[PDB]
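Given as structure tokens, the chain that follows is alone and in the form deposited in one PDB entry.
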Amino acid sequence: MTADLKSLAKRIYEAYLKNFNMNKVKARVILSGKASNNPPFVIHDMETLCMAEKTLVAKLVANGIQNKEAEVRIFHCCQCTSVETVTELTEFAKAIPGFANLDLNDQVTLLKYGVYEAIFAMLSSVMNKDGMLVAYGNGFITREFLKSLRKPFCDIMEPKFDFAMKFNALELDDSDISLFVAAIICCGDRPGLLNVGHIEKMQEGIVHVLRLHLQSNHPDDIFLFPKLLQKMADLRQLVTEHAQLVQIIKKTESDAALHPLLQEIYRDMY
């Protein structure tokens, strides 16, 4: 249990709560509705989509996407939410003791492979069996409407709902997700890592606080730590399959222009 570790556990917790505006507590209260009778605007078909797109009429006109196919509009603003999460993650990583001290090539490498493995883990916080919160909790896209899209777009988010359902069953709080996300970033297994030895030292410190933190917060889930280690493996597989589907859609779809920042991350990944 010790004391210095508890401080580190909360440095990682105070960060995250500061960099990620949408956490599990806020999301879990919206989906519960036990704090407001003003539910979010549900998006379950093309009509509700075009309605919700009436608000964001400026972002679409200036971006030249107003008259694009429905699938290209969704996975284009949704692509904009990941560019924001990558920025927040880059700042959250600074709170990880030892990360700012590593070589820039290693920092860029760790974030290059860990951003999406964490985007999908945190994405589960705003997901249930029927949909996921969007627009900072103001909207709610249905899990079925995303499947109703034409392939391959309909095969993009369904795997995320699959992981989220099994992941959310572990019943973690932001205190646990923070350390978990920190462990994802500190992974000495990423390809091309220079000082592969030091990063392993930094990962052991985080993974150790995570094991002790889970043992202290979820005392009855003896094997919660092994379960999370398995989830880290599934996230790596989930990102691999996802990144492969972006390259496929990047050439076979002449109307879906990938974002520049995300274009560098997906380059020569898996």
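Between two forms, the rigid core is the largest collection of C-alphas that superpose within 1.5 Å. Note that residue numbering begins at 1 and tracks the sequence as displayed.
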Would you mind checking whether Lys34 is unresolved in the model of at least a third of the other PDB entries compared? yes
Looking at the other compared entries that model both neighbours, is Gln244 missing coordinates in at least a third of them? no
Hey, which bit's got the bigger mean C-alpha B factor in the entry, 119 to 127 or 102 to 110? 102 to 110
Higher average CA B factor in the deposited record is what I'm after, so tell me if that's 257 to 265 or 11 to 19. 257 to 265
Most elevated Cα B-factor in the entry, residues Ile184, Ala164, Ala135, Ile199: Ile199
Per the entry, which of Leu229, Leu214, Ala27, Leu56 tops the list for Cα B factor? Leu56
For the chain shown, is the CA B-factor of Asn195 in the lowest, middle or highest third of its modelled residues? highest
Based on the deposited C-alpha B factors for this chain, I'd like to know if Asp234 is in the lowest, middle or highest third. lowest
Of the three thirds of the chain ranked by Cα temperature factor, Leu172 occupies the lowest
Among modelled residues of the same chain, the CA temperature factor third for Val207: middle
Would you check the entry's CA temperature factor for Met51 and let me know if it's in the chain's lowest, middle or highest third? middle
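Although it is not shown, the form solved in complex with a partner chain is what the next lines describe.
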Would you kindly say which of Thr142, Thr87, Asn128, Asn195 lies with a heavy atom within 4.5 Å of the partner chain in the bound PDB entry? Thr87
In the bound PDB entry, which of the listed residues (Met132, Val115, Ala164, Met157) lies with a heavy atom within 4.5 Å of the partner chain? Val115
The partner chain in the bound PDB entry: contacted by all of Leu31, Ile43 and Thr48, heavy atom 4.5 Å: no
I'd like to check something about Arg150: if you look in the bound PDB entry, is any of its heavy atoms closer than or equal to 4.5 Å to a heavy atom of the partner chain? no
Examine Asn168 and determine whether its closest non-hydrogen atom to the partner chain in the bound PDB entry is within 4.5 angstroms. no
Although the partner isn't part of this model, could you tell me whether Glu91 comes within 4.5 Å of the partner chain in the bound PDB entry, counting any heavy atom of the residue? yes
Residue-level contact is defined here as any heavy atom of the residue lying within 4.5 Å of the partner chain in the bound PDB entry; does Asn105 satisfy this criterion? yes
Rigid core fitted, is the C-alpha displacement of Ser36 between the shown form and the other one 2 Å or more? yes
